[PDB]
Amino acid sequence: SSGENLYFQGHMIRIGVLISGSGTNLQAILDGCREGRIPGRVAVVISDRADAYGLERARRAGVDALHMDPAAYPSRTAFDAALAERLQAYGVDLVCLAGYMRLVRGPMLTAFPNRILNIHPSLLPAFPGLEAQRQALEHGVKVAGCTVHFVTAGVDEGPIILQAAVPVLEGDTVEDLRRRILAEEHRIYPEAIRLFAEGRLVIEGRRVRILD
């Protein structure tokens, strides 16, 4: 009942996606926008790796696919500043991390306060960090899942938006669990982005209120 009518759609957003490899999650975002499930468009996809398949997914969808080389910058902060700058040139409203295997620094957090999302393969707060699927199997849990959350300075500590659980089967290999979790990730990442775009996410402390 706000910002929407025949000629105007004020909540539409421009999404910038950061990747490092296959970019499986990027695919769901691209399709969601194309098929109208996500109110917005993927403005650009940036990879910190030149030979990432995610960039090919981007090209096939007609989205600008860029590669920015960290080794071409003097420091980590410098790289993040360049990233942030490039994202702004595309007028990005929401940054979504999809397999981006690098920590977000002050420059990015500053350029996109409360506007950077990430999808993590575990039911946070359990198993933060890398190889969460393996962490789950090693710990012996019987249930695992994924988490979409706002990104803060701390490793996987940001406000939780959506979570989805999956069973852990006896004999599950890390890849078996990775796949099962991935199937949920493809579902909740687009939903989280839509909720963001609809202005239905309200951060309070480390929690997220989801409006009706």
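Quick note: we count residues from 1 along the sequence shown, nothing fancier.
The mean Cα B-factor in the deposited entry runs higher for 181-189 than for the other of 157-165 and 181-189. Annotation for 166-174 versus 28-36: the higher mean temperature factor (C-alpha) is found in 28-36. Residues shown: 126, 78, 94, 97. Highest C-alpha temperature factor in the entry: 78. Looking at 101, 111, 136, 82, the one whose CA carries the top B-factor in the deposited record is 101. Among all modelled residues in this chain, the alpha-carbon of residue 145 has a temperature factor (C-alpha) in the lowest third. For residue 16, the recorded CA B-factor ranks within the lowest third of the chain. Only modelled residues enter the ranking.
Residue 66 sits in the highest third of its chain by CA B factor, as recorded in the PDB entry. Ranked within its chain, residue 44 lands in the lowest third, by CA B factor from the PDB record. Sort the chain's modelled residues by C-alpha temperature factor and residue 130 lands in the middle third, per the entry.
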